[PDB]
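Residue numbers (the entry's author numbering), protein chains in the order written: chain L, 1 to 214; chain H, 1 to 138, 140 to 222.
See below:
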């Protein structure tokens, strides 16, 4: 039952920035181990016994601490450092792990490229109608999507999903899907997908009318 | 150097016992500690337990009395047995060895298998409904974004390709969402508007558990 509180939970650092991650324990532990996990890989020992660099880890990393306060440090952030870090303790059983630090790459802001799509003719054979909105290659990750039916917000029946930071351009993408009953979809003709982000305050709205096109 | 490999089912029914095998190549299990760790949706990790070089075991108190770990030294394998699994035992299960050193060398290392995603649910095999996402209009800019909607499938996973792999740089496939026992995913692809609808673009959707082969060029409308 040693509780490992880790911080921060998520963060973005520019290439070259100094980064510090802390792990605070419920009770004294003799040492703290640190593990690294990149998307697609299993967790890999990063730091052994509080301050020892594990095989395959570069010299920009280091750890320190004792008792109930430990930290891990990257002197200069590299893009390949992007990953999830976990502090771990084994001085008392059971061995416990921190909640993790998701470390992302910071890059230039980018407004989301927004695209809206109406239900397909194929889906209209069923009793449901889904409108899909794609908000892609944006930065930073925090983003809000609003679904307006006839200029009037609709909440829930929505399915939202995010990609992980793109490996080539460091941006994020997000899909939103509004699934309505087919009959309710045909009682309303204006469908809007509204994105509020960080470019400006109000922005990015894409729409389509049920009355147009076929 | 060493190699650990998770072997077992991907989907289990609630109340059933979950059974997995960790096969160790590169080193004997007659020395050291051999464990099972799991990663939950939301990414917290939980140390499940171990089986020692002597066959002794340690089980996390959090796995109450449900977990047991066995081994076969004359086959270099160790096994996990987790009884009465609810939907919340859904995770990726990894076998692994604690940090150590070895041979000669200066550095501490450890060994992890690749992990196996385990789904706990009572759903049945359901092919996905694959729909085309084409814009309902367009005058300008240089790019156009089209996509596909893969809805109501079970279980994971699904695979999506665009024009058999020949479209890649502008692709985004989004993680699957579990809704009312069924999974739904979407994918997008952005191409130059002088390529579409002039030159065909197709989504190749495949669903392994229900042998689905879906191709659907996205056509205007």
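Note that the Cβ used here is the ideal one computed from N, Cα and C, for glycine as well.
Check: Best match in H:125, H:154 and H:137 for proximity to residue 222 (chain H) [C-alpha to C-alpha]; Outcome: H:137
Check: Three-state secondary structure (DSSP) of residue 210 (chain H); Outcome: helix
Check: Residue 10 (chain L) burial status per 10 Å Cβ neighbour count (16 or more: buried); Outcome: exposed
Check: Bridge partner(s) assigned by DSSP for residue 76 (chain L); Outcome: DSSP output for residue 76 (chain L) lists no bridge partner at all.
Check: Amino acids of chain H, ordered along the chain, whose beta-carbon sits closer than 9 Å to that of residue 184 (chain L); Outcome: Ordered by position in chain H, no residue passes the 9 Å Cβ test against residue 184 (chain L), which lies about 17 Å from the chain.
Check: Residues in the segment 91-104 of chain L having any Cβ partner in chain H nearer than 7 Å; Outcome: 93, 94, 95, 96, 97, 99 and 100
Check: Rounded separation between residue 84 (chain H) and residue 58 (chain L) - CA only; Outcome: 43 Å
Check: Inter-stretch contact (C-beta, 8 Å, three-pair minimum) for the segment 179-195 of chain L and the segment 122-135 of chain L; Outcome: yes
Check: Sheet register partners of residue 34 (chain L) (DSSP bridge); Outcome: L:47 and L:87
Check: Test: residue 212 (chain L) CB closer than 8 Å to a CB of chain H; Outcome: yes
Check: Neighbouring residues, chain L, relative to residue 12 (chain H) (Cβ below 7 Å); Outcome: What residue 12 (chain H) touches in chain L: nothing, since even the nearest Cβ is about 21 Å away.
Check: Bridge partners - residue 192 (chain H), DSSP secondary structure assignment; Outcome: H:145
Check: Where the segment 1-25 of chain H meets chain L: residues whose CB sits under 8 Å from a CB there; Outcome: none
Check: Members of the segment 154-167 of chain L that neighbour chain H once the beta carbon cut-off is set at 9 Å; Outcome: 159, 160, 161, 162, 163, 164 and 166
Check: Option nearest residue 97 (chain L) by Cα separation, candidates L:186, L:25, L:177 and L:12; Outcome: L:25
Check: Interface positions of the segment 48-76 of chain H facing chain L (Cβ-Cβ less than 7 Å), listed along the chain; Outcome: 58, 60 and 61
Check: Chain-ordered chain L contacts of residue 173 (chain H) [CB-CB under 7 Å]; Outcome: 136, 163 and 173
Check: Nearest-angstrom Cβ-Cβ length linking residue 144 (chain H) and residue 189 (chain H), presumed shorter than 8 Å; Outcome: So it is not a contact: roughly 11 Å between Cβ atoms.
Check: Where residue 157 (chain L) falls: helix, strand or coil (DSSP); Outcome: coil
Check: Pairwise C-alpha distance: residue 19 (chain H) and residue 156 (chain H); Outcome: 18 Å
Check: Any C-beta of chain L under 8 Å from that of residue 201 (chain H); Outcome: no
Check: Per DSSP, cross-strand counterpart(s) of residue 109 (chain H); Outcome: H:100
Check: Rounded Cβ spacing between residue 138 (chain L) and residue 172 (chain L) (contact assumed at less than 8 Å); Outcome: 6 Å
Check: Residue 3 (chain L) vs residue 77 (chain L) beta-carbon contact at 8 Å; Outcome: no
Check: Residue 15 (chain L) versus residue 47 (chain L): straight-line alpha-carbon distance, rounded; Outcome: 21 Å
Check: Residue 183 (chain L), enclosing alpha helix (DSSP H) - first and last residue; Outcome: 182-185
Check: 6 Å Cβ shell around residue 248 (chain H) - same chain, five flanking residues per side excluded; Outcome: No answer is possible for residue 248 (chain H): the residues shown for chain H start at 1 and end at 222.
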